[PDB]
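>>> pasting the structure only:
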Ligand SMILES: C[C@@](CCN1Cc2cc(C#CC#CC3(CO)CC3)cn2C1=O)(C(=O)NO)S(C)(=O)=O
Ligand SMILES: [Zn+2]
């Protein structure tokens, strides 16, 4: 069978919040079968645990934020992307502060640290959410849709006019083991234009060339430029895999986003969950006939 996966060992990282600029200590821990990904604010007494699920999402403003009462876990999309990409069902994510560390802006450091520690297949069937009908949402021109597909595939189009794009489209099939190579190292990005305002609403406070692609009027500012020519839209795919993992299981279907962000991504999951004829939960008692395959543990 395609088995549930956790971490083989505990992982410790130290970084900064992209939006808060706060020093945070990250501890990823093994978790039992059917735990899912649970975030934990360990700086609070008592410890406050928020499962990484669609229902727990609060604001979706320049990131995906989980909320329980007045308590928040901000910027979960890149770490969840990494977990989703490597096929991690069950893990406790402890944070010493409200926001996940930004690292280099990518999921690369997360996939590196996780695979350094390694994965543990568990004695239980991995559950997948199979898309059964098309499910679309639209906020005027912006647009997000799930369509049935035999495997996992994510398509996305940046529509907006800026000199730096030399149109950014991409469409990637993650039915096999493509995630690390294709999208993992795609960094987040922001415009010099927006920084003054974002800092005024307590955002991008930890933002710099170290953890992001910074885009002036005409040029990328980063000394060493891009990792891929389509890095911008590859990151929109990275974000999408993160947000989509808030379903709490791996997807068997296709996602297409036209200028869709965290807001629409979450609207999509909320509608999908509501429409129980548009999806079902499946396991695979034989991995050889499954539409998805994963890296050796
Ligand atoms: C939400 C989104 C973008 C997130 N970011 C990344 C990001 C970097 C940035 C900056 C700066 C800077 C500066 C200087 C000041 O020190 C050095 C000049 C601001 N910003 C921002 O809002 C994302 O990746 N979410 O996961 S996205 C791709 O749009 O969906
Ligand atoms: Zn992002």
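Received the coordinates, thanks. Residues are numbered from 1 along each chain as shown. Ligands and ions are numbered 1, 2, ... in the order given.
>>> Please make it C-alpha for all contacts and neighbour counts, starting now.
Noted.
>>> what about residue 46, neighbour count?
Close neighbours of residue 46, defined as other CA atoms under 10 Å, add up to 8.
>>> got the phi/psi numbers for it?
phi -70, psi 160 (degrees, to the nearest 10).
>>> any idea how far ligand 2 is from it?
Separation of residue 46 from ligand 2 (CA to the ion, to the nearest Å) stands at 30 Å.
>>> So the chain: which segments form each domain?
Residue ranges for the domains of the chain, per CATH domains of a matching chain: 1-127, 128-295.
>>> Quick one: distance of the longest one to the chain centre.
Domain 128-295 sits 8 Å away from the centroid of its parent chain (CA atoms, centre = their mean, to the nearest Å).
>>> First-to-last residue distance for that domain?
When the termini of domain 128-295 are compared using CA to CA, to the nearest Å, they are 17 Å apart.
>>> Please see if that domain touches ligand 1.
Yes. Domain 128-295 reaches ligand 1 (CA under 6 Å from any ligand atom) through 188-190, 195, 204, 207-209, 212, 214, 236, 239, 261.
>>> Which stretches in this structure count as helices?
Taking DSSP state H as the criterion, the chain contains helices spanning 77-86, 108-117, 179-182, 192-200, 231-244, 262-274.
>>> Could you give me the PyMOL syntax to select whichever of the residues of domain 128-295 next to ligand 1 are buried?
Typed into PyMOL, the line below selects the buried ones among the residues of domain 128-295 next to ligand 1, using 16 or more other CA atoms under 10 Å:
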select buried, resi 188+189+190+204+207+208+209+212+214+236+239+261
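>>> Among the residues of domain 128-295 next to ligand 1, which pair sits farthest apart?
The largest separation in these, counting by CA to CA, is between 209 and 261 at 22.0 Å.
>>> Wait, residue 129 touches residue 250, no?
Yes. Counting by CA atoms under 8 Å, residue 250 is a contact partner of residue 129 at 6.3 Å.
>>> Give me the more crowded residue out of these two.
The neighbour comparison of residue 129 against residue 250 (other CA under 10 Å) goes to residue 250, with 23 against 17.
>>> Disregarding flanking residues, what is the spatial nearest neighbour of the more buried one?
Counting by CA to CA, 6 or more residues apart in numbering, residue 128 is the residue found nearest to residue 250 once chain neighbours are left out, at 4.9 Å.
>>> residues contacting that neighbour?
249-252, 281-283 (CA atoms under 8 Å, 6 or more residues apart in numbering).
>>> are any of these buried, and which?
Among these, the ones that count as buried by 16+ other CA under 10 Å are 249-252, 283.
>>> who's in contact with the residue nearest to the spatial centre of the chain?
Nearest residue to the geometric centre of the chain (CA atoms, centre = their mean): residue 242, 1.7 Å. If you count contacts by CA under 8 Å, 6+ apart, residue 242 has them with 76-82, 84.
>>> Check the residues you listed and tell me the two furthest apart.
Farthest pair in those (CA to CA) is 76 and 84. Separation: 11.8 Å.
>>> Flag every residue of the chain that's near ligand 2.
Within the chain, the positions lying close to ligand 2 (CA under 5 Å from the ion) are 188, 239.
>>> Centroid-wise, who is the farthest residue in the chain?
Max radial position in the chain (CA atoms, centre = their mean) goes to residue 218, at 28.7 Å.
>>> so what's it closest to, chain neighbours aside?
Closest residue in space to residue 218, ignoring its immediate chain neighbours: residue 163 at 5.8 Å, by CA to CA, 6+ apart.
>>> How many neighbouring residues does the one you found have?
Using other CA under 10 Å, residue 163 has 11 neighbouring residues.
>>> Test my guess that it contacts residue 216.
No. Residue 163 is beyond contact range of residue 216, at 9.9 Å (criterion: CA under 8 Å).
>>> residues contacting residue 180?
By CA under 8 Å, 6+ apart, the contact set of residue 180 is 85, 108, 111.
>>> what do you get for residue 205?
Contacts for residue 205 (CA under 8 Å, 6+ apart) come out as 18-21, 199.
>>> do residue 126 as well
Residue 126 neighbours (CA under 8 Å, 6+ apart): 2-5, 89, 283-284.
>>> residues in contact with whichever residue of the stretch 1-150 of the chain sits closest to ligand 1?
When scored by CA to the nearest ligand atom, the stretch 1-150 of the chain has residue 62 as its residue closest to ligand 1, at 3.9 Å. By CA under 8 Å, 6+ apart, the residues touching residue 62 are 203, 262.
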